[PDB]
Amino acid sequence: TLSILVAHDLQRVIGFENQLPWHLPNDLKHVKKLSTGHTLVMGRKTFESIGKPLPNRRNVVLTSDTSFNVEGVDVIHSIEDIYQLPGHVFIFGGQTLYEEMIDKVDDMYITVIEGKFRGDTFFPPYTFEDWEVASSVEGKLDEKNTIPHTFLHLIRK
């Protein structure tokens, strides 16, 4: 299974200055639950922003850098390498990976951040006429999670 995993705002902002524009612990938990025990594929910039591989899952980084060799991280140098990865693979950003993979993935796990943030990187436009809403769940708000958000699972029609 090949899935997109992404949080984007009302205008499809996903990032600003190589970081997430929002602070939303519940979505990090969401990511943790979906991807633990499986595989995350991310572009080089996304990886460097995180700084270290995420625990308890396979971390795969796409880069043209032949010198890239980080402990706890597998490297790939081509999009086509993704298709050789076994198991449930999540395309985990950033903008370049999403643009390169959105027409190839089976489904998308999207957290819609229900606000308008300043961004410099975007999720590509998509239409619900191409995607069935398998599920849509409002995120619960609290003291630590104050931005409204919705968890979508979309499956390609």
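Residues carry their position along the shown sequence, with the first being 1.
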139-147 versus 14-22 - greater average Cα B-factor per the deposited record: 139-147
116-124 versus 34-42 - which carries the larger mean C-alpha B factor in the record: 34-42
For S67, the third of its chain into which the C-alpha B factor falls: middle
Modelled-residue ranking by C-alpha temperature factor, third containing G94: lowest
CA B-factor ranking of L28, expressed as a third of its chain: highest
Third of chain Cα B-factors occupied by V61: middle
Assigned third (lowest, middle, highest) for the C-alpha B factor of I110: lowest
